[PDB]
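Everything on this sheet refers to the single structure shown next.
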Amino acid sequence: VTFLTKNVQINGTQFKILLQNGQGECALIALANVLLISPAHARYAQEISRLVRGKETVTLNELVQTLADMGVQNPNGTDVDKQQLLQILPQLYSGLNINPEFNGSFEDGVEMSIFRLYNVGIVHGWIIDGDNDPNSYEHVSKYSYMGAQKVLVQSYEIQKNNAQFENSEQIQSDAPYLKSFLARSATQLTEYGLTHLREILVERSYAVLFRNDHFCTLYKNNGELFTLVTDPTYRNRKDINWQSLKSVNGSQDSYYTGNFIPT
Amino acid sequence: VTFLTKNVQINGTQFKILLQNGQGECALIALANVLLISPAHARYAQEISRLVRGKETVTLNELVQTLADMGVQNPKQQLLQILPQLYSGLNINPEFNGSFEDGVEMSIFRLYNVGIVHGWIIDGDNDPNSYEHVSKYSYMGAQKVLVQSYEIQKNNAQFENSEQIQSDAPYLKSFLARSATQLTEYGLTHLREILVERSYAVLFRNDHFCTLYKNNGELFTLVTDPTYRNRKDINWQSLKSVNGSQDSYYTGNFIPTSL
């Protein structure tokens with residue numbers, strides 16, 4: 001229930017974006033913000049633009065969903081989907097189904113299809129590099145985040161409470177490599193993954209990024225990555241619009257204005 | 001499985017410690033290093049010191065285990081079966097109130113009289129609603145709930161705790177998103193308040209372990225990265241900031257390396 005808007009300026013142009021409340025940005029908000037700000041989507045996003053225009057903050061989840069649902073019935077990929085989006089779109093606020101694979105894809109799921117419906121890219125950099133330990137790579141690259149968490153809980157249960165698991169050999173084989181990978185990828189972005197994001201995002205294009213159990217709007221400017229600042233802490237700071245994404249550990253990074261000048 | 005050793009100097013005393021290999025620091029290495037360097041343990045630590053003394057790197061997991069097992073017969077050779085569980089740390093389960101769930105691995109810590117701590121702690125006065133949902137969970141219990149929530153959404157699955165699962169999950173997700181590096185502002189304060197001056201403990205953070213020490217009221221972690229094997233002047237990293245932006249390396253007698 002309920003999102004503040006924020007007046008922002010990006011490369012000269014005025015916009016209103018949606019802010020997350022305190023608990024972490026959802027995929028639904030990141031998708032909405034891409035649609036709100038991405039020039040390539042301007043035509044398709046008239047209704048969501050108008051929704052937020054009249055609203056010195058405050059748009060509700062239900063309004064945002066009705067809106068997006070209307071938009072999606074008119075998608076232009078010619079998907080025959082009825083207003084059935086009303087059942088689905090709320091799941092993007094939750095995000096609990098959205099499941100990154102350690103090879104850089106996401107598990108195919110309804111949310112991925114929603115991102116396709118709106119022609120909004122969705123990416124992540126939580127990716128094991130096969131040029132590091134190849135023994136790790138073979139064990140881990142085939143897993144998703146949920147798949148991994150499942151194995152790890154299972155492994156703990158085997159020890160703690162005993163196994164009733166059919167694939168216990170596989171659980172016990174893979175759990176150590178999964179645990180080690182988690183330990184080397186604490187912020188759910190690897191060096192290799194960062195170089196992947198930088199490659200795969202086209203110049204002057206927007207996508208939704210999964211990182212740290214939440215989402216954000218990512219943008220590539222002059223070959224450098226930036227994430228949109230949706231933290232309501234900065235609602236009154238128009239000059240705080242972007243955070244650069246130049247390093248995994250954030251040591252080379254800082255806030256930037258709408259025109260990609262350091263704040 | 002080949003842990004390198006490193007010659008270090010802590011507060012003027014020479015030691016050899018064990019370094020990480022390709023795979024993040026395990027609780028077994030962190031435990032071993034407390035046994036190697038901590039004055040309180042030095043009478044108990046003869047066999048482990050002896051093991052590492054002339055090995056210029058290459059201490060294997062099996063020799064370390066065998067040794068620790070010999071040591072543990074001292075304030076039962078099921079230790080051999082259990083100690084290797086410390087290498088991957090799969091059953092070491094921090095609770096979001098700062099404890100760990102009790103279990104065989106925690107009993108190993110008590111056997112060796114080595115403290116184990118973490119700072120992945122939710123601050124109840126900051127957010128009482130969230131606290132009421134999250135504080136009661138362990139990491140593994142949270143992972144279970146999140147995996148259950150996924151299966152509820154993807155597969156319309158049925159669980160016994162469903163109202164509870166679905167009630168707590170969004171708070172657990174939120175907490176995880178706001179504590180990316182498994183240390184909170186409040187937990188950092190907690191570590192600093194609880195660790196006694198000149199005491200060592202093993203710290204859980206980011207699915208791995210390290211040796212934590214307190215010098216003059218300030219926290220430091222032992223640098224076990226093999227990239228700094230040839231750097232006797234890089235021994236400790238300060239732990240003053242959750243995001244690391246205030247931290248730096250220190251010599252073994254707590255002088256900034258940069259200086």
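Chain identifiers are assigned as A, B, and so on, following the order in which chains appear in the structure tokens; residues are numbered from 1 within each chain, and ligands are numbered from 1 in order of appearance.
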Select from chain A every residue with an atom at most 6 Å from any atom of chain B, then for each give the shortest pair of atoms and their distance in Å to one decimal, using only C-alpha atoms, rows by chain and rising number, as a tab-separated table.
```
residue	atom	partner	partner_atom	distance
A:23	CA	B:174	CA	5.1
A:24	CA	B:174	CA	5.9
A:96	CA	B:150	CA	5.5
A:97	CA	B:150	CA	5.0
A:156	CA	B:91	CA	5.2
A:176	CA	B:88	CA	5.6
A:180	CA	B:23	CA	5.3
A:183	CA	B:207	CA	4.8
A:186	CA	B:206	CA	5.6
A:187	CA	B:180	CA	5.9
A:212	CA	B:177	CA	5.2
A:213	CA	B:177	CA	4.8
A:214	CA	B:177	CA	6.0
```
With N, CA, C and O atoms retained, could you export that selection as a JSON list (two decimals), in the first residue's frame?
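Now in result.json:
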```json
[["chain", "number", "residue", "atom", "x", "y", "z"],
["A", 23, "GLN", "N", 11.68, -0.59, 3.35],
["A", 23, "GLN", "CA", 12.03, -2.00, 3.28],
["A", 23, "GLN", "C", 12.74, -2.63, 2.06],
["A", 23, "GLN", "O", 12.82, -3.82, 2.01],
["A", 24, "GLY", "N", 13.29, -1.86, 1.12],
["A", 24, "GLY", "CA", 13.96, -2.41, -0.04],
["A", 24, "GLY", "C", 13.11, -2.26, -1.29],
["A", 24, "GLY", "O", 11.95, -2.54, -1.25],
["A", 96, "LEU", "N", 9.17, -12.57, -4.28],
["A", 96, "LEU", "CA", 9.70, -13.79, -3.66],
["A", 96, "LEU", "C", 9.87, -14.93, -4.67],
["A", 96, "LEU", "O", 10.43, -16.00, -4.33],
["A", 97, "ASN", "N", 9.32, -14.74, -5.89],
["A", 97, "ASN", "CA", 9.43, -15.78, -6.93],
["A", 97, "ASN", "C", 10.59, -15.52, -7.85],
["A", 97, "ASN", "O", 11.02, -16.45, -8.54],
["A", 156, "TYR", "N", 21.78, -28.82, 6.11],
["A", 156, "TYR", "CA", 21.67, -28.52, 7.53],
["A", 156, "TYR", "C", 20.73, -29.50, 8.23],
["A", 156, "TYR", "O", 21.04, -30.00, 9.31],
["A", 176, "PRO", "N", 28.93, -27.80, -0.25],
["A", 176, "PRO", "CA", 30.14, -27.03, 0.13],
["A", 176, "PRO", "C", 30.52, -26.01, -0.88],
["A", 176, "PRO", "O", 31.02, -24.96, -0.51],
["A", 180, "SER", "N", 30.62, -21.86, -0.26],
["A", 180, "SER", "CA", 31.82, -21.12, -0.59],
["A", 180, "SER", "C", 31.50, -19.99, -1.59],
["A", 180, "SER", "O", 32.03, -18.88, -1.49],
["A", 183, "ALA", "N", 29.98, -17.16, 0.06],
["A", 183, "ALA", "CA", 30.94, -16.41, 0.88],
["A", 183, "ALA", "C", 31.80, -15.51, 0.05],
["A", 183, "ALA", "O", 32.33, -14.52, 0.56],
["A", 186, "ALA", "N", 29.40, -11.79, -1.53],
["A", 186, "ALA", "CA", 28.56, -11.34, -0.40],
["A", 186, "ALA", "C", 27.47, -10.36, -0.85],
["A", 186, "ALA", "O", 26.41, -10.33, -0.36],
["A", 187, "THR", "N", 27.75, -9.48, -1.75],
["A", 187, "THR", "CA", 26.77, -8.49, -2.21],
["A", 187, "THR", "C", 26.12, -8.89, -3.55],
["A", 187, "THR", "O", 25.54, -7.99, -4.28],
["A", 212, "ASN", "N", 21.23, -7.90, -3.92],
["A", 212, "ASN", "CA", 20.99, -7.83, -2.46],
["A", 212, "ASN", "C", 19.52, -8.03, -2.08],
["A", 212, "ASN", "O", 18.93, -7.21, -1.42],
["A", 213, "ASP", "N", 18.89, -8.99, -2.69],
["A", 213, "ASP", "CA", 17.52, -9.32, -2.34],
["A", 213, "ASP", "C", 16.57, -8.15, -2.56],
["A", 213, "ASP", "O", 15.50, -8.04, -1.95],
["A", 214, "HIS", "N", 16.91, -7.32, -3.56],
["A", 214, "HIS", "CA", 15.96, -6.29, -3.95],
["A", 214, "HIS", "C", 16.31, -5.86, -5.39],
["A", 214, "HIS", "O", 17.16, -6.47, -6.06]]
```
May I have all residues of stretch 131-225 of chain A that DSSP, computed from the backbone, assigns to helix (DSSP H, G or I), given as a PyMOL selection string?
-> chain A and resi 134-140+145-161+168-184+191-200
Residues at most 10 Å from residue A:59, counting only C-alpha atoms, excluding those fewer than 3 positions away in the same chain, as a PyMOL selection string? chain A and resi 1-5+18+51-56+62-64
Q: Extract, using only C-alpha atoms, all DNA, RNA and protein residues at most 12 Å from residue B:221, discarding same-chain residues fewer than 5 positions from it, and format them as a ChimeraX atom specification.
A: /B:25,30,33-34,199-205,209-215,234-240,247-252,254
Atomic separation - atom CA of residue A:106 relative to atom CA of residue A:79, Å |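 It comes out at 21.1 Å.
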Residues of stretch 44-229 of chain A in strand (DSSP E or B) according to DSSP, as JSON, numbers by chain? {"A": [59, 100, 101, 106, 121, 122, 123, 124, 144, 206, 207, 208, 209, 210, 215, 216, 217, 218, 219, 220, 221, 224, 225, 226, 227, 228]}
For residue A:88, work out the shell of residues within 12 Å, counting only C-alpha atoms and skipping chain neighbours fewer than 2 positions away, then give it as a PDB file with N, CA, C and O atoms, in the first residue's frame.
```pdb
ATOM      1  N   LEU A  28       8.490  -4.331  -8.862  1.00  0.00           N
ATOM      2  CA  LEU A  28       7.348  -3.602  -9.434  1.00  0.00           C
ATOM      3  C   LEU A  28       7.716  -2.125  -9.581  1.00  0.00           C
ATOM      4  O   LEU A  28       7.483  -1.524 -10.623  1.00  0.00           O
ATOM      5  N   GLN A  65      -0.945  -1.067 -10.297  1.00  0.00           N
ATOM      6  CA  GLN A  65      -1.345  -2.306 -10.959  1.00  0.00           C
ATOM      7  C   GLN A  65      -2.434  -2.200 -11.984  1.00  0.00           C
ATOM      8  O   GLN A  65      -2.301  -2.783 -13.045  1.00  0.00           O
ATOM      9  N   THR A  66      -3.520  -1.492 -11.664  1.00  0.00           N
ATOM     10  CA  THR A  66      -4.597  -1.220 -12.672  1.00  0.00           C
ATOM     11  C   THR A  66      -4.018  -0.638 -13.931  1.00  0.00           C
ATOM     12  O   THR A  66      -4.315  -1.078 -15.032  1.00  0.00           O
ATOM     13  N   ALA A  68      -0.666  -0.505 -15.046  1.00  0.00           N
ATOM     14  CA  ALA A  68       0.177  -1.431 -15.741  1.00  0.00           C
ATOM     15  C   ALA A  68      -0.658  -2.479 -16.396  1.00  0.00           C
ATOM     16  O   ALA A  68      -0.331  -2.924 -17.501  1.00  0.00           O
ATOM     17  N   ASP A  69      -1.781  -2.876 -15.791  1.00  0.00           N
ATOM     18  CA  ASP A  69      -2.568  -3.924 -16.419  1.00  0.00           C
ATOM     19  C   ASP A  69      -3.189  -3.446 -17.787  1.00  0.00           C
ATOM     20  O   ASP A  69      -3.167  -4.148 -18.834  1.00  0.00           O
ATOM     21  N   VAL A  72      -0.613  -3.355 -20.307  1.00  0.00           N
ATOM     22  CA  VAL A  72      -0.124  -4.628 -20.768  1.00  0.00           C
ATOM     23  C   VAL A  72      -1.083  -5.336 -21.699  1.00  0.00           C
ATOM     24  O   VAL A  72      -0.636  -6.075 -22.557  1.00  0.00           O
ATOM     25  N   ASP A  81      -3.222 -11.332 -23.798  1.00  0.00           N
ATOM     26  CA  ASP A  81      -3.429 -11.499 -22.370  1.00  0.00           C
ATOM     27  C   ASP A  81      -4.537 -10.563 -21.958  1.00  0.00           C
ATOM     28  O   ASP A  81      -4.637  -9.471 -22.490  1.00  0.00           O
ATOM     29  N   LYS A  82      -5.488 -11.070 -21.234  1.00  0.00           N
ATOM     30  CA  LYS A  82      -6.600 -10.273 -20.783  1.00  0.00           C
ATOM     31  C   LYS A  82      -6.208  -9.487 -19.575  1.00  0.00           C
ATOM     32  O   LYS A  82      -5.177  -9.745 -18.955  1.00  0.00           O
ATOM     33  N   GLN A  83      -7.112  -8.726 -18.980  1.00  0.00           N
ATOM     34  CA  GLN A  83      -6.798  -8.048 -17.705  1.00  0.00           C
ATOM     35  C   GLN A  83      -6.388  -8.908 -16.408  1.00  0.00           C
ATOM     36  O   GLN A  83      -6.193  -8.299 -15.398  1.00  0.00           O
ATOM     37  N   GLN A  84      -6.009 -10.252 -16.583  1.00  0.00           N
ATOM     38  CA  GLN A  84      -5.374 -11.448 -15.898  1.00  0.00           C
ATOM     39  C   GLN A  84      -4.005 -11.029 -15.273  1.00  0.00           C
ATOM     40  O   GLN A  84      -3.387 -11.747 -14.539  1.00  0.00           O
ATOM     41  N   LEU A  85      -3.481  -9.929 -15.745  1.00  0.00           N
ATOM     42  CA  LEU A  85      -2.390  -9.201 -15.240  1.00  0.00           C
ATOM     43  C   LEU A  85      -2.750  -8.709 -13.846  1.00  0.00           C
ATOM     44  O   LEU A  85      -1.881  -8.558 -13.057  1.00  0.00           O
ATOM     45  N   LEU A  86      -4.021  -8.425 -13.553  1.00  0.00           N
ATOM     46  CA  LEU A  86      -4.382  -8.015 -12.200  1.00  0.00           C
ATOM     47  C   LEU A  86      -4.068  -9.062 -11.164  1.00  0.00           C
ATOM     48  O   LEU A  86      -3.731  -8.723 -10.043  1.00  0.00           O
ATOM     49  N   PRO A  90       0.658  -7.983  -8.923  1.00  0.00           N
ATOM     50  CA  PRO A  90       0.986  -7.836  -7.473  1.00  0.00           C
ATOM     51  C   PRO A  90       2.138  -8.731  -7.006  1.00  0.00           C
ATOM     52  O   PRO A  90       2.825  -8.404  -6.093  1.00  0.00           O
ATOM     53  N   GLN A  91       2.370  -9.836  -7.679  1.00  0.00           N
ATOM     54  CA  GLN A  91       3.478 -10.718  -7.305  1.00  0.00           C
ATOM     55  C   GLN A  91       4.847 -10.064  -7.510  1.00  0.00           C
ATOM     56  O   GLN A  91       5.830 -10.387  -6.775  1.00  0.00           O
ATOM     57  N   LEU A  92       4.941  -9.128  -8.453  1.00  0.00           N
ATOM     58  CA  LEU A  92       6.169  -8.349  -8.646  1.00  0.00           C
ATOM     59  C   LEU A  92       6.474  -7.419  -7.518  1.00  0.00           C
ATOM     60  O   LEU A  92       7.606  -6.968  -7.380  1.00  0.00           O
ATOM     61  N   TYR A  93       5.475  -7.026  -6.723  1.00  0.00           N
ATOM     62  CA  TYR A  93       5.770  -6.227  -5.559  1.00  0.00           C
ATOM     63  C   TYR A  93       6.481  -7.118  -4.522  1.00  0.00           C
ATOM     64  O   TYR A  93       7.446  -6.719  -3.892  1.00  0.00           O
ATOM     65  N   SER A  94       5.981  -8.330  -4.356  1.00  0.00           N
ATOM     66  CA  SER A  94       6.557  -9.271  -3.413  1.00  0.00           C
ATOM     67  C   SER A  94       7.986  -9.690  -3.815  1.00  0.00           C
ATOM     68  O   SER A  94       8.926  -9.618  -3.032  1.00  0.00           O
ATOM     69  N   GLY A  95       8.133 -10.130  -5.051  1.00  0.00           N
ATOM     70  CA  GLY A  95       9.439 -10.490  -5.568  1.00  0.00           C
ATOM     71  C   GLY A  95       9.963 -11.830  -5.072  1.00  0.00           C
ATOM     72  O   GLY A  95      11.051 -12.241  -5.503  1.00  0.00           O
ATOM     73  N   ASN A  97       9.324 -14.737  -5.891  1.00  0.00           N
ATOM     74  CA  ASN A  97       9.425 -15.777  -6.932  1.00  0.00           C
ATOM     75  C   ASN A  97      10.590 -15.522  -7.853  1.00  0.00           C
ATOM     76  O   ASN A  97      11.019 -16.445  -8.543  1.00  0.00           O
ATOM     77  N   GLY A 109       9.822 -17.759 -15.170  1.00  0.00           N
ATOM     78  CA  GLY A 109       8.778 -17.649 -14.165  1.00  0.00           C
ATOM     79  C   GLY A 109       7.886 -16.576 -14.713  1.00  0.00           C
ATOM     80  O   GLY A 109       8.226 -15.899 -15.674  1.00  0.00           O
ATOM     81  N   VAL A 110       6.751 -16.402 -14.078  1.00  0.00           N
ATOM     82  CA  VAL A 110       5.791 -15.418 -14.559  1.00  0.00           C
ATOM     83  C   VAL A 110       6.368 -14.016 -14.587  1.00  0.00           C
ATOM     84  O   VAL A 110       6.055 -13.197 -15.498  1.00  0.00           O
ATOM     85  N   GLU A 111       7.163 -13.675 -13.585  1.00  0.00           N
ATOM     86  CA  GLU A 111       7.758 -12.330 -13.560  1.00  0.00           C
ATOM     87  C   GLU A 111       8.626 -12.043 -14.742  1.00  0.00           C
ATOM     88  O   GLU A 111       8.549 -10.935 -15.295  1.00  0.00           O
ATOM     89  N   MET A 112       9.380 -13.034 -15.219  1.00  0.00           N
ATOM     90  CA  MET A 112      10.209 -12.814 -16.419  1.00  0.00           C
ATOM     91  C   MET A 112       9.342 -12.529 -17.631  1.00  0.00           C
ATOM     92  O   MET A 112       9.638 -11.660 -18.496  1.00  0.00           O
ATOM     93  N   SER A 113       8.219 -13.223 -17.706  1.00  0.00           N
ATOM     94  CA  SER A 113       7.309 -12.968 -18.787  1.00  0.00           C
ATOM     95  C   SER A 113       6.650 -11.565 -18.736  1.00  0.00           C
ATOM     96  O   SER A 113       6.366 -10.970 -19.791  1.00  0.00           O
ATOM     97  N   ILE A 114       6.508 -11.001 -17.540  1.00  0.00           N
ATOM     98  CA  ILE A 114       5.936  -9.698 -17.316  1.00  0.00           C
ATOM     99  C   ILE A 114       6.966  -8.684 -17.817  1.00  0.00           C
ATOM    100  O   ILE A 114       6.625  -7.704 -18.516  1.00  0.00           O
ATOM    101  N   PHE A 115       8.225  -8.916 -17.477  1.00  0.00           N
ATOM    102  CA  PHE A 115       9.296  -8.020 -17.961  1.00  0.00           C
ATOM    103  C   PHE A 115       9.351  -8.051 -19.489  1.00  0.00           C
ATOM    104  O   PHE A 115       9.491  -6.994 -20.160  1.00  0.00           O
TER     105      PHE A 115
ATOM    106  N   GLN B 153       4.503 -19.373  -4.106  1.00  0.00           N
ATOM    107  CA  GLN B 153       4.188 -18.601  -5.329  1.00  0.00           C
ATOM    108  C   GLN B 153       4.286 -19.347  -6.651  1.00  0.00           C
ATOM    109  O   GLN B 153       3.385 -19.231  -7.482  1.00  0.00           O
ATOM    110  N   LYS B 154       5.368 -20.070  -6.850  1.00  0.00           N
ATOM    111  CA  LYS B 154       5.700 -20.766  -8.119  1.00  0.00           C
ATOM    112  C   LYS B 154       4.781 -21.990  -8.287  1.00  0.00           C
ATOM    113  O   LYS B 154       4.211 -22.199  -9.354  1.00  0.00           O
TER     114      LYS B 154
END
```
Residue with the minimum atom-to-atom distance to residue B:13, picked from B:217, B:54, B:39, B:94 with only C-alpha atoms counted, is B:39
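Excluding residue A:205 and any residue on its chain fewer than 4 positions from it, the residues at most 9 Å away by only C-alpha atoms are residues 38, 39, 40, 201, 218, 219, 220 and 221 of chain A.
Candidate residues A:80, A:148, A:248, A:10 were compared for distance to residue A:170, and the nearest is A:148, using only C-alpha atoms.
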- Between B:20, B:49, B:167, B:2, which has the minimum distance to residue B:226 (counting only C-alpha atoms)?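 Once distances to residue B:226 are computed over only C-alpha atoms, the minimum belongs to B:20.
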Checklist entry - B:45, B:40, B:28, B:58: which is nearest residue B:4, counting only C-alpha atoms? => result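 That would be B:58, the residue with the smallest distance to residue B:4.
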Requested in this report: Record the distance separating atom CA of residue A:217 and atom CA of residue B:126, expressed in Å with one decimal.
Outcome: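 Interatomic distance, atom CA of residue A:217 to atom CA of residue B:126: 27.8 Å.
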For the atom pair atom CA of residue A:165 and atom CA of residue A:152, what is the interatomic distance in Å to one decimal place?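 That distance, rounded to one decimal, is 12.7 Å.
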For residue B:108: contacts at 12 Å, only C-alpha atoms, fewer than 4 positions along chain excluded, given as a ChimeraX atom specification: /B:27-28,31-32,68-69,71-73,75-76,78-86,92,102-104,112-116
